[PDB]
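*Asks:* Below: one structure in structure tokens.
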Amino acid sequence: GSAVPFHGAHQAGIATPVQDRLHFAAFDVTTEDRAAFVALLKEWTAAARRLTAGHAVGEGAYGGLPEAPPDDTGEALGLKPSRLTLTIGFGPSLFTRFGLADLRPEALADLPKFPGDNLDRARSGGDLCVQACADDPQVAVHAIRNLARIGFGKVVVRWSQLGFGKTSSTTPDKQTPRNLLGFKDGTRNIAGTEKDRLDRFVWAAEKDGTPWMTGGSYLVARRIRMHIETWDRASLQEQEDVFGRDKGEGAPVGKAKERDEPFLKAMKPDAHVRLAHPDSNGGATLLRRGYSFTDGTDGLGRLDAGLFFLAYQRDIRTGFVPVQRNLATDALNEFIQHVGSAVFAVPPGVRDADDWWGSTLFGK
Amino acid sequence: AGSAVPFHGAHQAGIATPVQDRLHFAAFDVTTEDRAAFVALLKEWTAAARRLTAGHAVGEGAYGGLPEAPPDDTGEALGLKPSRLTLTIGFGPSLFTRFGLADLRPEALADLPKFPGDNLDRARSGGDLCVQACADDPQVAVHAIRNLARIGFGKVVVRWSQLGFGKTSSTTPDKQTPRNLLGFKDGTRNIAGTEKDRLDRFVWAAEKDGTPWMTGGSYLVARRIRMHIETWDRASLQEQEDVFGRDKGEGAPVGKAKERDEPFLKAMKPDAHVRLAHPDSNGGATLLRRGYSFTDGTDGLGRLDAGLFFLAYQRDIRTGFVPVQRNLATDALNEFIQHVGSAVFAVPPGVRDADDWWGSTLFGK
Ligand code: HEM
Ligand code: HEM
């Protein structure tokens with residue numbers, strides 16, 4: 001497939017097929033005028049309509065008046081849409097502006113402090129987020145970079161994160177991707193094909209108390225480093241004890257195939273799978289849509305790499321929070337450290353060529 | 001199709017090879033003083049490079065070993081294709097201050113002069129040796145550097161690394177020329193992998209140059225260049241085009257109509273980037289540029305921080321990067337870029353067969 005439809009009852013980039021690359025970015029609002037903001041959201045929408053179809057924003061990247069800066073920076077010229085999806089989310093701090101306090105959804109709870117947290121405030125939070133996912137990373141980077149240029153004067157970029165998963169051009173789509181620890185990551189997850197589960201664990205409903213979120217979701221972002229050098233020193237058995245599956249095939253303890261249903265009582269008490277399993281959390285279930293990241297080498301010469309964890313849910317208090325809390329005694333905690341965090345209320349979708357991002361929240 | 005690039009040859013792969021879509025560059029610093037210990041590491045690295053470039057796990061594998069033993073391969077590449085992985089090794093001038101290699105530091109491995117406008121981070125510059133990991137799959141390149149580093153534990157350390165999310169170079173003039181983050185095509189007039197007479201003239205060293213052990217190798221100049229994205233995106237279309245000498249949409253030289261139409265340099269502004277970099281403007285000095293675009297989060301001040309990891313292979317740095325870089329002192333592009341990291345490496349000749357090993361010509365075999 002080449003492109004994903006931008007319009008719909010929901011926003012693309014949540015339930016849709018997971019793309020290869022990612023450029024996440026959290027924005028901070030720098031304007032007080034609500035009409036100027038609404039105007040940006042419409043300009044941003046019009047630009048995303050062009051970005052997700054492989055076209056240049058505005059009037060184009062060249063050919064215009066020579067004395068005028070081009071509307072598009074043009075580093076996407078000659079590339080394909082690449083399954084580009086642009087998902088916008090509203091964070092708690094946004095609702096303290098424009099008189100939106102009383103409309104902040106109660107499902108957008110602030111995350112509590114979890115044991116072991118070492119969050120970098122500079123790389124945390126944000127008034128807005130754009131999740132740019134595509135098979136080609138330059139198409140993602142081009143979209144964030146142009147969306148930031150468009151909104152310059154009304155929004156800035158708080159933090160940005162590049163990620164990567166599979167290379168679909170060479171990796172089969174049905175092959176589970178492996179995280180940087182060497183384990184198949186994503187076996188037991190909510191797929192976008194399961195409309196009944198999405199209606200129960202991901203999408204927000206009107207009765208949930210916030211009508212303007214009817215059709216939207218709530219996103220949780222966690223930047224989790226991995227102690228690559230120590231993990232590579234643990235024995236194969238220790239490694240498999242941590243998760244409760246075997247590294248080669250990814251199968252649960254006592255089973256032969258990856259996708260067999262696990263038998264938790266055979267896993268060690270502090271195994272990752274055993275604790276994060278829904279049965280172990282009053283039925284809490286998540287849609288994990290994260291990416292691996294590798295930013296380079298830190299001061300101490302260690303690999304600055306990990307998982308950019310993303311999770312979509314119908315309510316943050318019945319999704320990420322119960323599950324993350326249960327991971328207090330995770331044996332994986334020895335080899336990981338959360339260092340970035342933010343949450344967002346992702347509104348419903350752009351219904352047609354007249355609608356615009358956040359039209360249910362800001363009205364018409 | 002994720003096919004593999006042959007690891008053996010008279011030269012190392014990753015130079016004249018078609019530019020791959022991802023990069024993981026890593027400079028190392030030698031910790032051990034034992035010359036026999038380092039030579040052994042070189043033979044261990046070479047063995048792992050044969051496995052990785054072929055799409056196989058290093059050592060005895062990623063699993064199946066003793067449950068009490070750590071796996072030889074970290075396993076994050078299992079189930080992936082070679083993805084055109086290349087691993088190119090280089091020796092830095094600081095490596096010759098040890099193991100008794102002083103008399104073998106190649107004269108062509110010239111230490112760069114101080115260029116005006118530079119603000120080089122010394123912690124992200126230099127290095128006793130380098131390993132260039134290029135591939136169409138980023139998890140493959142990373143998996144390669146990580147496992148090479150783990151094998152060299154106790155004998156080498158990573159000084160700095162640099163990941164390239166996208167190529168800004170081309171050794172294949174027949175394929176689409178990629179674009180840097182300034183929106184312009186980058187790699188139009190560059191040495192192609194099929195142009196042997198030019199590769200022999202500008203890239204591959206020779207025993208006549210004075211360093212026999214470097215016959216068949218090349219010399220690398222790495223330069224981390226930050227881009228002032230904010231000031232560039234304020235310029236007009238005509239200013240951006242006057243900066244380089246080519247138009248933006250087609251990439252043709254000024255006045256012309258097609259990207260690969262040869263330039264008429266007198267029609268460009270006297271400070272046009274193309275006009276000063278052209279070989280005709282540098283006594284015929286020609287480079288083999290093989291760089292990648294990079295992103296580094298945000299400057300912490302509300303702005304995306306991005307740039308270009310510039311790599312240049314040449315037969316002799318004194319006649320390649322140095323003269324061309326000096327001619328860009330007046331370059332109009334200088335008002336939008338800044339060089340913030342730098343390193344040079346003497347890339348030895350390639351691994352001939354399964355009995356050879358990286359740096360065998362230098363260290364004797
Ligand atoms: C670096 C950090 C992490 C790593 C390496 C990791 C890795 C894994 C692996 C290998 C599995 C088994 C394969 C699979 O079922 O997908 C798994 C399962 C799972 N993980 Fe994680 N995980 C991390 C963090 C988290 C966090 C922070 C959460 C939630 C707050 C989470 C929630 C889950 C869930 C819900 C499952 C499904 C288990 C089941 O239902 O059987 N993970 N993870
Ligand atoms: C951020 C820094 C740079 C950018 C954005 C940049 C961009 C470009 C562009 C757009 C072209 C024209 C298309 C092409 O011929 O590929 C070009 C050509 C060229 N550049 Fe640069 N460049 C940069 C740095 C450098 C440096 C540091 C050197 C050498 C020390 C260099 C040497 C050359 C050469 C030799 C050419 C080909 C000129 C010819 O047509 O003969 N560039 N570059």
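Residues are referred to by chain and number: the chain letter is A, B, ... according to the order shown in the structure tokens, the number counts from 1 in that chain, and ligands are numbered separately from 1 in the order shown.
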Check every protein, DNA and RNA residue against ligand 2, keep those with an atom at most 7 Å away (counting only C-alpha atoms and all ligand atoms), and present them as a list in words.
*Replies:*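 If we count only C-alpha atoms and all ligand atoms, the neighbours of ligand 2 turn out to be residues 180, 182, 184, 185, 186, 187, 188, 189, 190, 225, 226, 227, 244, 246, 273, 274, 275, 277, 278, 279, 286, 287, 307, 308, 310, 321, 324, 325 and 337 of chain B.
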*Asks:* Write the residues you've just listed into a file as an mmCIF file, in the first residue's frame, and include N, CA, C and O atoms for each of them.
*Replies:*
data_model
loop_
_atom_site.group_PDB
_atom_site.id
_atom_site.type_symbol
_atom_site.label_atom_id
_atom_site.label_comp_id
_atom_site.auth_asym_id
_atom_site.auth_seq_id
_atom_site.Cartn_x
_atom_site.Cartn_y
_atom_site.Cartn_z
ATOM 1 N N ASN B 180 18.998 16.790 0.655
ATOM 2 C CA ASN B 180 19.343 17.146 2.021
ATOM 3 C C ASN B 180 18.202 17.951 2.640
ATOM 4 O O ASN B 180 17.202 18.268 1.990
ATOM 5 N N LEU B 182 17.903 20.942 3.341
ATOM 6 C CA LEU B 182 17.659 22.255 2.759
ATOM 7 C C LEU B 182 16.795 22.185 1.505
ATOM 8 O O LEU B 182 16.540 23.225 0.889
ATOM 9 N N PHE B 184 17.412 20.669 -1.427
ATOM 10 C CA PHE B 184 18.128 20.571 -2.689
ATOM 11 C C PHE B 184 18.650 19.155 -2.902
ATOM 12 O O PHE B 184 18.982 18.446 -1.950
ATOM 13 N N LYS B 185 18.722 18.752 -4.169
ATOM 14 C CA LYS B 185 19.347 17.482 -4.512
ATOM 15 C C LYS B 185 20.835 17.536 -4.197
ATOM 16 O O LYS B 185 21.515 18.513 -4.518
ATOM 17 N N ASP B 186 21.345 16.474 -3.577
ATOM 18 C CA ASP B 186 22.730 16.424 -3.120
ATOM 19 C C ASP B 186 23.372 15.141 -3.625
ATOM 20 O O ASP B 186 22.996 14.044 -3.198
ATOM 21 N N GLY B 187 24.344 15.279 -4.525
ATOM 22 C CA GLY B 187 25.070 14.142 -5.052
ATOM 23 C C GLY B 187 24.961 14.021 -6.557
ATOM 24 O O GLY B 187 25.185 12.946 -7.121
ATOM 25 N N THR B 188 24.613 15.125 -7.220
ATOM 26 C CA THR B 188 24.472 15.110 -8.671
ATOM 27 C C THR B 188 25.810 14.831 -9.346
ATOM 28 O O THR B 188 25.956 13.853 -10.087
ATOM 29 N N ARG B 189 26.802 15.685 -9.100
ATOM 30 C CA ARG B 189 28.110 15.578 -9.746
ATOM 31 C C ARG B 189 29.081 14.973 -8.738
ATOM 32 O O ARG B 189 29.761 15.678 -7.992
ATOM 33 N N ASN B 190 29.144 13.643 -8.730
ATOM 34 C CA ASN B 190 29.943 12.902 -7.767
ATOM 35 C C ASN B 190 30.432 11.626 -8.436
ATOM 36 O O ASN B 190 29.863 11.169 -9.431
ATOM 37 N N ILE B 225 28.151 18.718 10.332
ATOM 38 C CA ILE B 225 27.775 20.069 9.931
ATOM 39 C C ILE B 225 26.345 20.333 10.381
ATOM 40 O O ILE B 225 25.405 19.687 9.902
ATOM 41 N N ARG B 226 26.184 21.287 11.294
ATOM 42 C CA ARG B 226 24.864 21.724 11.724
ATOM 43 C C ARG B 226 24.275 22.684 10.698
ATOM 44 O O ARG B 226 24.994 23.482 10.090
ATOM 45 N N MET B 227 22.962 22.605 10.510
ATOM 46 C CA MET B 227 22.248 23.466 9.578
ATOM 47 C C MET B 227 21.377 24.443 10.354
ATOM 48 O O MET B 227 20.627 24.039 11.248
ATOM 49 N N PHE B 244 23.562 28.049 -4.086
ATOM 50 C CA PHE B 244 24.199 26.853 -4.620
ATOM 51 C C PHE B 244 24.606 26.976 -6.080
ATOM 52 O O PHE B 244 25.634 26.414 -6.470
ATOM 53 N N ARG B 246 22.231 26.111 -8.454
ATOM 54 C CA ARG B 246 21.239 25.271 -9.102
ATOM 55 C C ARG B 246 19.849 25.698 -8.649
ATOM 56 O O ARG B 246 19.678 26.295 -7.583
ATOM 57 N N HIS B 273 27.951 27.903 -4.155
ATOM 58 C CA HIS B 273 28.549 26.701 -3.582
ATOM 59 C C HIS B 273 29.103 25.789 -4.671
ATOM 60 O O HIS B 273 30.239 25.310 -4.576
ATOM 61 N N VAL B 274 28.313 25.538 -5.718
ATOM 62 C CA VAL B 274 28.774 24.664 -6.795
ATOM 63 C C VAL B 274 30.012 25.251 -7.460
ATOM 64 O O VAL B 274 30.941 24.524 -7.830
ATOM 65 N N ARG B 275 30.046 26.575 -7.617
ATOM 66 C CA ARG B 275 31.130 27.204 -8.364
ATOM 67 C C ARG B 275 32.461 27.072 -7.633
ATOM 68 O O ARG B 275 33.503 26.853 -8.262
ATOM 69 N N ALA B 277 33.105 24.720 -5.192
ATOM 70 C CA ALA B 277 33.412 23.316 -4.960
ATOM 71 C C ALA B 277 33.819 22.592 -6.235
ATOM 72 O O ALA B 277 34.523 21.579 -6.159
ATOM 73 N N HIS B 278 33.392 23.088 -7.390
ATOM 74 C CA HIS B 278 33.676 22.419 -8.651
ATOM 75 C C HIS B 278 35.160 22.068 -8.741
ATOM 76 O O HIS B 278 36.007 22.835 -8.265
ATOM 77 N N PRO B 279 35.515 20.921 -9.328
ATOM 78 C CA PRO B 279 36.946 20.629 -9.520
ATOM 79 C C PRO B 279 37.653 21.657 -10.385
ATOM 80 O O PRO B 279 38.802 22.016 -10.097
ATOM 81 N N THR B 286 38.906 16.359 -6.874
ATOM 82 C CA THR B 286 37.589 15.740 -6.904
ATOM 83 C C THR B 286 37.434 14.827 -5.697
ATOM 84 O O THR B 286 38.395 14.183 -5.267
ATOM 85 N N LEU B 287 36.219 14.775 -5.159
ATOM 86 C CA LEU B 287 35.908 14.002 -3.968
ATOM 87 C C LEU B 287 34.889 12.921 -4.297
ATOM 88 O O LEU B 287 34.274 12.914 -5.366
ATOM 89 N N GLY B 307 21.004 18.520 10.651
ATOM 90 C CA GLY B 307 22.184 18.849 9.878
ATOM 91 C C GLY B 307 22.601 17.775 8.896
ATOM 92 O O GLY B 307 21.756 17.111 8.288
ATOM 93 N N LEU B 308 23.911 17.592 8.742
ATOM 94 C CA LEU B 308 24.454 16.738 7.692
ATOM 95 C C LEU B 308 25.786 16.174 8.157
ATOM 96 O O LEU B 308 26.700 16.936 8.482
ATOM 97 N N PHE B 310 28.863 14.838 6.940
ATOM 98 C CA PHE B 310 29.553 14.882 5.660
ATOM 99 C C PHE B 310 30.748 13.937 5.681
ATOM 100 O O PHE B 310 31.594 14.016 6.577
ATOM 101 N N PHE B 321 39.932 17.026 0.163
ATOM 102 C CA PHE B 321 39.065 17.833 1.015
ATOM 103 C C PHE B 321 39.705 19.172 1.366
ATOM 104 O O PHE B 321 39.015 20.196 1.422
ATOM 105 N N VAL B 324 39.526 21.957 -1.443
ATOM 106 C CA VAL B 324 38.126 22.287 -1.693
ATOM 107 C C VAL B 324 37.525 22.997 -0.487
ATOM 108 O O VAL B 324 36.745 23.946 -0.635
ATOM 109 N N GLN B 325 37.876 22.558 0.723
ATOM 110 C CA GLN B 325 37.337 23.206 1.914
ATOM 111 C C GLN B 325 37.869 24.628 2.052
ATOM 112 O O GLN B 325 37.144 25.528 2.492
ATOM 113 N N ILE B 337 25.440 27.261 7.691
ATOM 114 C CA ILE B 337 25.964 26.017 8.235
ATOM 115 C C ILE B 337 27.097 26.324 9.207
ATOM 116 O O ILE B 337 27.632 27.433 9.252
#
*Asks:* Can you list every residue of chain A that has an atom at most 7 Å from chain B, with its nearest atom pair and the distance in Å to one decimal, using only C-alpha atoms, ordered by chain then number, as a tab-separated table?
*Replies:*
residue	atom	partner	partner_atom	distance
A:62	CA	B:249	CA	5.8
A:66	CA	B:238	CA	4.9
A:67	CA	B:236	CA	5.2
A:68	CA	B:236	CA	4.8
A:69	CA	B:236	CA	4.0
A:70	CA	B:237	CA	6.0
A:73	CA	B:183	CA	5.7
A:74	CA	B:183	CA	4.7
A:75	CA	B:183	CA	4.0
A:137	CA	B:165	CA	6.9
A:138	CA	B:166	CA	6.8
A:156	CA	B:302	CA	4.8
A:157	CA	B:302	CA	4.6
A:158	CA	B:302	CA	5.7
A:159	CA	B:298	CA	6.1
A:160	CA	B:297	CA	5.3
A:161	CA	B:297	CA	6.5
A:167	CA	B:137	CA	6.1
A:170	CA	B:2	CA	5.8
A:171	CA	B:80	CA	6.4
A:178	CA	B:76	CA	6.0
A:179	CA	B:76	CA	6.5
A:180	CA	B:76	CA	5.5
A:181	CA	B:76	CA	6.5
A:182	CA	B:76	CA	4.1
A:232	CA	B:74	CA	6.3
A:233	CA	B:70	CA	6.0
A:234	CA	B:70	CA	5.7
A:235	CA	B:70	CA	4.0
A:236	CA	B:67	CA	5.1
A:237	CA	B:67	CA	4.8
A:248	CA	B:63	CA	6.2
A:296	CA	B:161	CA	5.6
A:297	CA	B:161	CA	5.6
A:301	CA	B:158	CA	5.6
*Asks:* Residues contacting ligand 1 - anything with an atom at most 6 Å away, using only C-alpha atoms and all ligand atoms - can you give me those as a ChimeraX atom specification?
*Replies:* /A:183-188,224,273,276-278,286,307,320,323-324,336
*Asks:* Give me, as JSON, numbers by chain, all polymer residues having an atom no more than 12 Å from residue 152 in chain B, counting only C-alpha atoms and skipping those fewer than 2 positions away in the same chain.
*Replies:* {"B": [28, 29, 30, 31, 32, 37, 38, 39, 40, 41, 42, 43, 44, 45, 46, 48, 145, 146, 147, 148, 149, 150, 154, 155, 156, 157, 158]}
*Asks:* Let me see the file: selected residues, N, CA, C and O atoms, as a short mmCIF file (atom, residue, chain, number, x, y, z; two decimals), in the first residue's frame.
*Replies:*
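Produced file out_17.cif, reproduced below:
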data_model
loop_
_atom_site.label_atom_id
_atom_site.label_comp_id
_atom_site.auth_asym_id
_atom_site.auth_seq_id
_atom_site.Cartn_x
_atom_site.Cartn_y
_atom_site.Cartn_z
N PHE B 28 36.26 4.75 17.55
CA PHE B 28 36.73 4.00 18.69
C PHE B 28 38.06 4.56 19.18
O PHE B 28 38.78 5.24 18.44
N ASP B 29 38.39 4.25 20.43
CA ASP B 29 39.68 4.57 21.02
C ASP B 29 40.30 3.29 21.55
O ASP B 29 39.64 2.52 22.26
N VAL B 30 41.56 3.05 21.20
CA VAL B 30 42.25 1.83 21.60
C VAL B 30 42.70 1.96 23.05
O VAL B 30 43.39 2.92 23.42
N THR B 31 42.31 0.99 23.88
CA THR B 31 42.71 0.94 25.28
C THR B 31 43.92 0.05 25.52
O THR B 31 44.78 0.38 26.34
N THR B 32 44.02 -1.07 24.81
CA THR B 32 45.08 -2.04 25.05
C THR B 32 46.38 -1.59 24.40
O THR B 32 46.38 -0.98 23.33
N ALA B 37 47.39 -8.55 21.25
CA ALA B 37 45.99 -8.53 21.64
C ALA B 37 45.15 -7.78 20.61
O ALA B 37 44.05 -8.22 20.25
N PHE B 38 45.65 -6.64 20.12
CA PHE B 38 44.90 -5.86 19.14
C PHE B 38 44.79 -6.61 17.81
O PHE B 38 43.72 -6.61 17.19
N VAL B 39 45.87 -7.24 17.37
CA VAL B 39 45.83 -8.01 16.13
C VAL B 39 44.76 -9.10 16.23
O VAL B 39 44.01 -9.34 15.27
N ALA B 40 44.68 -9.77 17.38
CA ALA B 40 43.66 -10.79 17.56
C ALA B 40 42.26 -10.19 17.46
O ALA B 40 41.37 -10.77 16.83
N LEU B 41 42.05 -9.03 18.09
CA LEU B 41 40.77 -8.35 17.96
C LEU B 41 40.45 -8.07 16.50
O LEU B 41 39.30 -8.23 16.07
N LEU B 42 41.45 -7.65 15.72
CA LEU B 42 41.21 -7.37 14.31
C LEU B 42 40.73 -8.62 13.58
O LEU B 42 39.87 -8.54 12.70
N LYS B 43 41.28 -9.78 13.94
CA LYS B 43 40.84 -11.03 13.32
C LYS B 43 39.46 -11.44 13.82
O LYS B 43 38.69 -12.05 13.07
N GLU B 44 39.14 -11.12 15.07
CA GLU B 44 37.80 -11.40 15.59
C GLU B 44 36.77 -10.50 14.92
O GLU B 44 35.70 -10.97 14.51
N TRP B 45 37.07 -9.21 14.81
CA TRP B 45 36.16 -8.29 14.13
C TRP B 45 35.92 -8.73 12.69
O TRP B 45 34.78 -8.75 12.22
N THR B 46 37.00 -9.07 11.97
CA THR B 46 36.85 -9.49 10.58
C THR B 46 35.90 -10.68 10.47
O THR B 46 35.06 -10.73 9.56
N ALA B 48 33.45 -11.56 12.53
CA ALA B 48 32.09 -11.11 12.77
C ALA B 48 31.56 -10.27 11.62
O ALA B 48 30.35 -10.26 11.36
N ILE B 145 27.25 -2.48 14.78
CA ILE B 145 28.18 -1.71 15.61
C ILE B 145 28.15 -2.23 17.05
O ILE B 145 29.20 -2.39 17.68
N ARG B 146 26.95 -2.48 17.58
CA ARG B 146 26.83 -2.94 18.96
C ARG B 146 27.59 -4.24 19.18
O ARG B 146 28.29 -4.40 20.19
N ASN B 147 27.48 -5.18 18.24
CA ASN B 147 28.17 -6.46 18.40
C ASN B 147 29.66 -6.34 18.15
O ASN B 147 30.45 -7.05 18.78
N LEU B 148 30.07 -5.45 17.25
CA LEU B 148 31.50 -5.20 17.06
C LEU B 148 32.10 -4.57 18.31
O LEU B 148 33.22 -4.90 18.71
N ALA B 149 31.37 -3.65 18.94
CA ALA B 149 31.85 -3.02 20.16
C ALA B 149 31.93 -4.04 21.29
O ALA B 149 32.91 -4.06 22.04
N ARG B 150 30.91 -4.89 21.42
CA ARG B 150 30.91 -5.87 22.50
C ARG B 150 32.06 -6.85 22.36
O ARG B 150 32.64 -7.29 23.36
N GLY B 154 37.15 -4.28 26.60
CA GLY B 154 38.44 -4.40 27.22
C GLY B 154 39.62 -4.06 26.33
O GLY B 154 40.74 -3.93 26.84
N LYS B 155 39.40 -3.91 25.03
CA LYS B 155 40.45 -3.55 24.09
C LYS B 155 40.16 -2.27 23.32
O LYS B 155 41.11 -1.64 22.84
N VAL B 156 38.89 -1.87 23.19
CA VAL B 156 38.53 -0.61 22.54
C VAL B 156 37.28 -0.06 23.21
O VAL B 156 36.53 -0.78 23.88
N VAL B 157 37.06 1.24 23.03
CA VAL B 157 35.87 1.92 23.53
C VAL B 157 35.37 2.86 22.43
O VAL B 157 36.15 3.35 21.61
N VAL B 158 34.06 3.10 22.43
CA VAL B 158 33.46 4.03 21.47
C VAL B 158 33.67 5.45 21.98
O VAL B 158 33.16 5.82 23.04
#
*Asks:* Please identify which residues in range 132-348 of chain A DSSP calls alpha helix (DSSP H) from the backbone, and express them as a ChimeraX atom specification.
*Replies:* /A:137-151,195-201,228-231,236-243,272-276,320-326
*Asks:* So the first atom is CA of residue 57 in chain B and the second is CA of residue 293 in chain A; what is the distance between them in Å, to one decimal place?
*Replies:*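 Rounded to one decimal, the two atoms are 21.6 Å apart.
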*Asks:* Using only C-alpha atoms, can you tell me which of B:212, B:340, B:174, B:352 comes closest to residue 193 in chain B?
*Replies:* B:174
*Asks:* Please identify all polymer residues within 10 Å of residue 148 in chain A, counting only C-alpha atoms, omitting same-chain residues fewer than 3 positions from it, and present them as a ChimeraX atom specification.
*Replies:* /A:25,27,44,130,142-145,151-157 /B:302-304
*Asks:* Would you write out those residues with N, CA, C and O atoms, as an mmCIF file, in the first residue's frame?
*Replies:*
data_model
loop_
_atom_site.group_PDB
_atom_site.id
_atom_site.type_symbol
_atom_site.label_atom_id
_atom_site.label_comp_id
_atom_site.auth_asym_id
_atom_site.auth_seq_id
_atom_site.Cartn_x
_atom_site.Cartn_y
_atom_site.Cartn_z
ATOM 1 N N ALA A 25 6.622 14.331 17.887
ATOM 2 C CA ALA A 25 6.993 15.682 18.283
ATOM 3 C C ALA A 25 5.916 16.262 19.184
ATOM 4 O O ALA A 25 4.728 16.190 18.860
ATOM 5 N N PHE A 27 4.557 19.753 20.927
ATOM 6 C CA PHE A 27 4.592 21.193 20.739
ATOM 7 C C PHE A 27 4.110 21.906 21.994
ATOM 8 O O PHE A 27 3.339 21.359 22.787
ATOM 9 N N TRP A 44 -3.122 23.820 9.654
ATOM 10 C CA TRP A 44 -2.450 22.540 9.856
ATOM 11 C C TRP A 44 -3.216 21.407 9.182
ATOM 12 O O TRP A 44 -2.614 20.535 8.546
ATOM 13 N N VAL A 130 2.195 15.835 17.489
ATOM 14 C CA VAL A 130 1.950 15.275 16.167
ATOM 15 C C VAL A 130 2.730 13.974 16.084
ATOM 16 O O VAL A 130 3.946 13.956 16.314
ATOM 17 N N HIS A 142 9.997 15.496 7.186
ATOM 18 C CA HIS A 142 9.509 16.621 6.395
ATOM 19 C C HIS A 142 8.187 17.146 6.942
ATOM 20 O O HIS A 142 7.970 18.362 7.002
ATOM 21 N N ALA A 143 7.290 16.243 7.344
ATOM 22 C CA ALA A 143 5.977 16.666 7.819
ATOM 23 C C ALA A 143 6.089 17.444 9.125
ATOM 24 O O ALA A 143 5.513 18.529 9.264
ATOM 25 N N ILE A 144 6.824 16.902 10.098
ATOM 26 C CA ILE A 144 7.003 17.605 11.366
ATOM 27 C C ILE A 144 7.683 18.948 11.131
ATOM 28 O O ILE A 144 7.281 19.975 11.691
ATOM 29 N N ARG A 145 8.721 18.962 10.292
ATOM 30 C CA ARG A 145 9.481 20.188 10.077
ATOM 31 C C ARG A 145 8.627 21.267 9.424
ATOM 32 O O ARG A 145 8.752 22.451 9.758
ATOM 33 N N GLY A 151 3.270 26.684 11.842
ATOM 34 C CA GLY A 151 2.801 27.206 13.105
ATOM 35 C C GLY A 151 3.771 28.084 13.858
ATOM 36 O O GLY A 151 3.433 28.560 14.945
ATOM 37 N N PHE A 152 4.968 28.319 13.325
ATOM 38 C CA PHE A 152 5.923 29.176 14.016
ATOM 39 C C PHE A 152 5.316 30.557 14.228
ATOM 40 O O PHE A 152 4.763 31.158 13.302
ATOM 41 N N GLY A 153 5.426 31.058 15.456
ATOM 42 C CA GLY A 153 4.707 32.228 15.898
ATOM 43 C C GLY A 153 3.517 31.916 16.779
ATOM 44 O O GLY A 153 3.059 32.795 17.518
ATOM 45 N N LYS A 154 3.010 30.685 16.717
ATOM 46 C CA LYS A 154 1.921 30.234 17.574
ATOM 47 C C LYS A 154 2.234 28.956 18.333
ATOM 48 O O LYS A 154 1.579 28.694 19.349
ATOM 49 N N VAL A 155 3.197 28.153 17.878
ATOM 50 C CA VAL A 155 3.602 26.934 18.565
ATOM 51 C C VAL A 155 5.091 26.734 18.323
ATOM 52 O O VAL A 155 5.625 27.121 17.280
ATOM 53 N N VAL A 156 5.763 26.126 19.298
ATOM 54 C CA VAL A 156 7.159 25.732 19.142
ATOM 55 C C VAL A 156 7.249 24.234 19.385
ATOM 56 O O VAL A 156 6.253 23.593 19.737
ATOM 57 N N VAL A 157 8.437 23.668 19.206
ATOM 58 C CA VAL A 157 8.658 22.235 19.358
ATOM 59 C C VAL A 157 9.330 22.011 20.706
ATOM 60 O O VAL A 157 10.493 22.379 20.903
ATOM 61 N N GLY B 302 12.946 25.497 21.273
ATOM 62 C CA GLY B 302 11.776 25.481 20.417
ATOM 63 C C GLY B 302 12.046 25.269 18.946
ATOM 64 O O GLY B 302 11.205 25.643 18.121
ATOM 65 N N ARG B 303 13.180 24.670 18.586
ATOM 66 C CA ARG B 303 13.582 24.551 17.191
ATOM 67 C C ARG B 303 14.168 23.172 16.933
ATOM 68 O O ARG B 303 15.008 22.698 17.703
ATOM 69 N N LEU B 304 13.727 22.537 15.848
ATOM 70 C CA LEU B 304 14.290 21.255 15.446
ATOM 71 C C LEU B 304 15.761 21.417 15.082
ATOM 72 O O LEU B 304 16.121 22.271 14.267
#
*Asks:* I want to know what sits within 8 Å of residue 272 in chain A, based on only C-alpha atoms, with residues of the same chain fewer than 4 positions away left out; could you give that as a compact mmCIF listing (two decimals) with N, CA, C and O atoms, in the first residue's frame?
*Replies:*
# COMPACT_ATOMS: atom_id res chain seq x y z
N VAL A 242 13.32 -13.11 32.54
CA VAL A 242 12.77 -11.76 32.69
C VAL A 242 11.38 -11.68 32.07
O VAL A 242 10.40 -11.31 32.73
N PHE A 243 11.28 -12.01 30.78
CA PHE A 243 10.02 -11.81 30.07
C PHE A 243 9.04 -12.95 30.29
O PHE A 243 7.82 -12.71 30.30
N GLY A 244 9.52 -14.17 30.48
CA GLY A 244 8.66 -15.33 30.56
C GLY A 244 8.46 -16.04 29.24
O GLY A 244 7.68 -17.00 29.18
N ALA A 276 2.23 -7.89 33.15
CA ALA A 276 1.51 -7.03 32.22
C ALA A 276 0.31 -7.72 31.57
O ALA A 276 -0.48 -7.05 30.91
N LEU A 327 3.94 -3.30 37.17
CA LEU A 327 5.32 -3.60 36.79
C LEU A 327 6.33 -3.11 37.81
O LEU A 327 7.53 -3.06 37.49
N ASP A 330 8.82 -5.72 38.30
CA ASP A 330 9.26 -6.33 37.05
C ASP A 330 10.75 -6.63 37.11
O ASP A 330 11.56 -5.77 37.47
N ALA A 331 11.12 -7.86 36.76
CA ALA A 331 12.53 -8.20 36.65
C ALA A 331 13.20 -7.48 35.49
O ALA A 331 14.43 -7.41 35.44
N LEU A 332 12.41 -6.94 34.55
CA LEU A 332 12.96 -6.12 33.48
C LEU A 332 13.42 -4.77 33.99
O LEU A 332 14.25 -4.12 33.33
